Amino acid sequence: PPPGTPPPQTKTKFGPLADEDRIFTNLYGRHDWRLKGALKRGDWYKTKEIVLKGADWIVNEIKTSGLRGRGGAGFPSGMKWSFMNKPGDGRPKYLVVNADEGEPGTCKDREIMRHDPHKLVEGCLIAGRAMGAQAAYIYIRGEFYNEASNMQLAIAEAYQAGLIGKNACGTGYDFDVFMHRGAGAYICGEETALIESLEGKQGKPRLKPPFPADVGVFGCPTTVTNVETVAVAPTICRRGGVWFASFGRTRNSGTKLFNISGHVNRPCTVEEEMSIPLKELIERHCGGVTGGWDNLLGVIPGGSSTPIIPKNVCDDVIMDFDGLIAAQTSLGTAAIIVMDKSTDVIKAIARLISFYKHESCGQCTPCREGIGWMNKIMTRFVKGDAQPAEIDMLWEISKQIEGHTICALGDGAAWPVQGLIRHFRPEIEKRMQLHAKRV
Amino acid sequence: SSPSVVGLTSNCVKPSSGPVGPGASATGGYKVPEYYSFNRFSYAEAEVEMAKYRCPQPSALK
Amino acid sequence: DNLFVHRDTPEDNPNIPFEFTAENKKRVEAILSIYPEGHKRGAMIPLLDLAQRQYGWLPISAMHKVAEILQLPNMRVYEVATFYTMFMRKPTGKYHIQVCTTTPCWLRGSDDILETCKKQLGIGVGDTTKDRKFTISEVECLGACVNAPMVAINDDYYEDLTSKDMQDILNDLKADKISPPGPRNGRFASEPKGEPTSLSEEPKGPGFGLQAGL
Amino acid sequence: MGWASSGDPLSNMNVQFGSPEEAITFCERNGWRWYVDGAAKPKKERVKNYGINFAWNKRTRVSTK
Amino acid sequence: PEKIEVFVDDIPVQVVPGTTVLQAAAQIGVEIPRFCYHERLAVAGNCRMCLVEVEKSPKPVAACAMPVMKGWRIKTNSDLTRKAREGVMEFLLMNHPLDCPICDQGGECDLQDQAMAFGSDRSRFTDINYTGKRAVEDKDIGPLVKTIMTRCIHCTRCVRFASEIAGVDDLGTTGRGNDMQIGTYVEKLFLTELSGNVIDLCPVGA
Ligand SMILES: Cc1cc2nc3c(=O)[nH]c(=O)nc-3n(C[C@H](O)[C@H](O)[C@H](O)COP(=O)(O)O)c2cc1C
Ligand code: SF4
Ligand code: SF4
Ligand code: SF4
Ligand code: FES
Ligand code: FES
């Protein structure tokens, strides 16, 4: 088979993980995180050799790893990093590591900084060689002032030890990492908007084309890559792209973190193989729904920006980038927000819309107002005062918004209301019915 | 240690209280008291350290 | 109540003198240099952060000061300083209680905690006491959805909360005594309650699972 | 009554043609005096690129978005 | 530089490579509705009114800022385009106020003209009876330019013109979301020899 084309897997039961296979071992912080424990846990191992291998090496094992970017969009990284690897220009190539955790329902990103900052730094270094990056910037939310310092501290130990900097790890190649704590705003998790943030402009995103691979920060070739996408990379280059294909079923290859929260007995974050049944996971590492599996009204698998799925359709769901797509939902950040059978889903979703209304730069005609419209309609629905035809407005308005906006945020605002109408429309009808009868 | 810790200023308080925040300490298992020991100005103080190491920046204007 | 138009108030106005104290002046010099020579405009957000951190909120004179540093029109700084949410352009106060009132924090009851906060501080949302010791505020999500419900105070993360503890926390901050941030229900960091179900094994060590070749 | 009186008949008169040569042909056939007024040369292509908004060296970097 | 062949509306067309879709459509003769695009200003995608469908388009593209590529097929007047345009104008006309009779650009307003040509004719906005529309304080900007920003559509023609053509740089945008406004954060006078031209640029009567 060609250099890419990750080997297909031939396993049916994608059950639990083996803690040897858990790359993020220090997650939950049971062990030291400073460079003492890190090199005790094998955090900078043969980096000199791997970096020396070159970009053709690194990109290739990434390809055969078949890794799909965990940034929420889901496009694979091997092609992304390959685009960076195109010479023929005198530019200062850069690498941006988006550490934004703006996505409601998502908390995985925070803990990587808080418990394995060294792992990320090592990963940025190996990737930065593959991207020919002159340097890199670890953009981070302004809501994590303590993490950002924590990363700054890890950068201190690395610079002082000589792991990263000029002649990093004795390879001679130079690479410096900087920390930019963007004043929190959810939109900054976008590639282009982040780049605008670093540049100091307004913060609103940009049209595509050109892509960051064409022109990015400072009008220079760059890529925004998610924290997890980077953090896994050095382990892949250190453990084997074949092994990483050992997990996963198909194009949805590898393993991912999960953040289970909501009406849940013992919500937490779990490292666990992708391509798993959701019910099995909820009963393994989670303890199960507070009211038991039966007392379940719906789960949002990708966290916010993702349509909800009801219990019946949820009972047999394969958790992965694929599979869920067939079930009419996007895995997003694998942020599972679960609600018991007894709660106002409608005003749960209305809260999401208010979040979008408050979190939308306001550059595009649909998104600067259309979410504002959806907010007005949903508020009226929640209070029960609306003609049933407004079911169709929300359906048909949502189609008008989706696809015409610049950054994917509009789609994140469009989908949840589409899911709500598709699967819990009878609830809205009853809510409207009760209001009318009292009226 | 040759890989020293960050400057003493960047460290809000020298860890002496052991259990901090939710029960972190160098002893106990949740071994990250350093996270809860960050000052109002810890961030900026970090870069003050980092004037030493960072390499020349690219320049567009010649 | 948030206004994207500024008027010369006695408390907020360019006449007020703002300047970076010598400590911050060093930091400003150090921080500027992480941006390539051509594009120094990218450091602006960190600079505004520092000014707010020194002062406690952003006065218009401070925005002028950053503009003077970077040699750009005062409007561009206004554009950014108005865009980003926590750049409080009004007198904030000592402590700035922030409550994430979105799902799943709302699901876990985070309306309760907000209701109590208003009760005990005596003021409503988007408000500040005459003391300015406290400022209630709502935020969408603080990246601690897992430890829901949760509150943050100007650096802090108080999670796994409830009405009872918030009462205690406010009484503590009313007394002005240090409070231990982080969850206060038994867990520490995004780890399932009680006994552990994963990562119960010692980390393998360097070289484990190496390719064994190349 | 302070209206705008006008004792001049061909004041509003206005006719359309497809091309100036047609009009000159018409105008002669009706025995008028005329003088054409050259409209404009073909528009010269303007590059109007999007990337120039974001450049590393060129002055054309946009100040804002 | 050989010119590409692209079938704008089932008509072969010649474009020097890098030409934008809109700039090619005018070349042949078709015109796309625009609000944020002007010949003599930097390109931006704001209005989303210039959208258009290309055969095998996952995503309708903004003609104003879309460089043409080999062997494309731009379906200007195809129903998907018509669906897009109407939705965008329903959006623009949500909370534009009811001020045509007192708006000095009445009968000269691109929003009216493009509403006629390319927009719908029924108001799905039912919330006028419940919570109404939005409003914005007007700004004092000078003795020449009267400003009524509650009509603005945030096309940023004023923003881009001032920054580039006159270089005044003192007029800009502020805030997120539907509450984004335009003006100067603090009361000033937009004093500039070329300041008049903004009145011609503003497509609406703000
Ligand atoms: C509105 C919006 C918010 C986003 N927020 C995040 C975020 O918080 N964290 C993240 O990693 N990616 C976020 N993204 C996606 C990133 O822009 C980008 O797709 C990600 O870095 C992809 O990296 P990857 O594909 O290599 O994993 C967001 C996109 C949009 C449109
Ligand atoms: S889609 Fe919304 S958030 Fe994204 S750029 Fe457009 S207006 Fe801003
Ligand atoms: S700008 Fe156009 S649509 Fe708006 S009030 Fe004036 S004439 Fe009417
Ligand atoms: S004021 Fe006029 S020119 Fe400026 S953005 Fe609004 S509509 Fe466009
Ligand atoms: S909504 Fe509370 S941390 Fe996310
Ligand atoms: S003319 Fe293209 S988005 Fe406005």
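### As for the overall build of chain E
Secondary structure assignment for chain E yields five helices and seven strands. Secondary structure of chain E in N-to-C order comes out as β-β-α-β-β-β-α-α-α-β-β-α. Over its C-alpha atoms, taken along the principal directions, chain E stretches across nearly 50 × 45 × 30 Å. For chain E, the share of sequence-separated contacts (at least 6 apart) that also reach a separation of at least 24 residues comes to 59%. Accessible surface computed for chain E: about 9,900 Å², of which carbon and sulfur atoms make up 54%. The average position of the 23 basic charges and that of the 28 acidic charges among the side chains of chain E differ by 6 Å.

### Notes on the site of ligand 4
Looking at ligand 4, the residues that line it are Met149, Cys152, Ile153, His154, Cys155, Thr156, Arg157, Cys158, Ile182, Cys202 and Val204 of chain E. Class assignment for the residues of the shell around ligand 4 results in eight nonpolar, two polar and one charged.

### Remarks on the sheet that holds strand β2 (residues 134–139) of chain C
Residue and element names in this part refer to chain C. Taken together, four strands build an open sheet; the order of strands is β2-β1-β3-β4 and the sheet is mixed. The open sheet has two edge strands with one neighbour each: β2 and β4 (158–159). Judged from the three bridges that link them, strand β1 (residues 95–100) and strand β3 (residues 150–153) form a sheet pairing that is antiparallel. Paired with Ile97 across the two strands is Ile153, which belongs to β3.

### Describing the UniProt feature "binding site: [4Fe-4S] cluster 2" in chain E
Residues and elements named next belong to chain E. Sites flagged by UniProt as "binding site: [4Fe-4S] cluster 2" map to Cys152, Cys155, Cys158 and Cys202. A maximum C-alpha distance of 10.4 Å among these annotated residues, which run over 51 residues, shows that they cluster at one spot. Following the sequence through the fold, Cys158 ends up in helix α4 (residues 157–166). Residue contacts for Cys158: discarding those within four places in its chain leaves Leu171 and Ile182. Within the secondary structure, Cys202 is located in the segment after α5 (197–201).

### Considerations on a positive patch on the surface
There is a patch of like positive charges on the surface, built from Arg91 of chain A, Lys62 of chain B together with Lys58 and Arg59 of chain D. Within the secondary structure layout, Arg59 of chain D lies in the segment after α1 (20–29). Classification of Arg59 of chain D by relative accessible area gives exposed; the value is 84%.

### Considerations on the UniProt feature "binding site: [4Fe-4S] cluster 1" in chain E
Listed under "binding site: [4Fe-4S] cluster 1" in the UniProt record, and renumbered for this structure, are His96, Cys100, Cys103 and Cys109 of chain E. Look at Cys109 of chain E and you get buried, because its relative accessible area is 5%.

### With respect to the arrangement of the chains
Ranked by contact count, the leading pair among the nine pairs of chains in contact consists of chains A and C. A gap remains between chain B and chain E, which never touch, and the nearest two C-alpha atoms on either side lie 20 Å apart.

### Thoughts on the packing of aromatic side chains
Counted under the stated rule, the structure contains 21 aromatic pairs over all chains. Plain terms: the ring middles of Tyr137 of chain A and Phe178 of chain A are 5.1 Å apart, the flat faces sit at 25 degrees to each other, and that makes the pair stacked. Of the two residues, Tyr137 of chain A is situated in strand β2 (residues 135–141) and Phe178 of chain A in strand β3 (residues 176–182); the sequence distance between them amounts to 41 residues. Both residues of the pair, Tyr137 of chain A and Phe178 of chain A, belong to the buried class. Relative to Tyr157 of chain C, the ring of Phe144 of chain A lies with its centre 6.4 Å away and its plane at 55 degrees, an arrangement referred to as tilted. Pair noted here: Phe144 of chain A is in the loop between β2 and α7 (145–161) and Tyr157 of chain C is in the loop between β3 and β4, and the two residues belong to different chains. Here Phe144 of chain A falls in the buried class, since its relative accessible area comes to 0%. On the basis of relative accessible area, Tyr157 of chain C is assigned to the buried category, the value being 6%. Cluster of aromatic residues (ring-pair linked, three or more members): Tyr94, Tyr137, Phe178 and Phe218 of chain A.

The rules behind each value
Residues numbered from 1 in each chain as written, not as in the entry; some residues may be left out. Chains lettered and ligands numbered in written order. Part of a larger assembly, values for the part shown. Heavy atoms only, no water. Helix = DSSP H or I, 4+ residues; strand = E, 2+ residues; numbered from the N terminus. Contact = heavy atoms within 4.5 Å. Areas by Shrake-Rupley, 256 points an atom, 1.4 Å probe, with all protein chains shown as cover. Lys, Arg positive; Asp, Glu negative; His and termini not counted. Charge placed at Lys NZ, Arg CZ, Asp CG, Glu CD. Near = heavy atom within 4 Å. Nonpolar A, V, L, I, M, F, W, Y, C, P; charged D, E, K, R; others polar. Pairing = 2+ DSSP bridges. UniProt positions renumbered as here; feature names shortened; annotations may be inferred. Patch = residues over 30% accessible without salt bridge, like charges linked within 9 Å, V, L, I, M, F, W, Y side chains within 5 Å. Salt bridge = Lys/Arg side-chain N within 4 Å of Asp/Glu carboxyl O. Buried < 20%, exposed > 50% of the residue type's maximum accessible area, 1.4 Å probe, protein only. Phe/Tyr/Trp six-rings, centres within 6.5 Å; stacked < 30°, edge-to-face > 60°.

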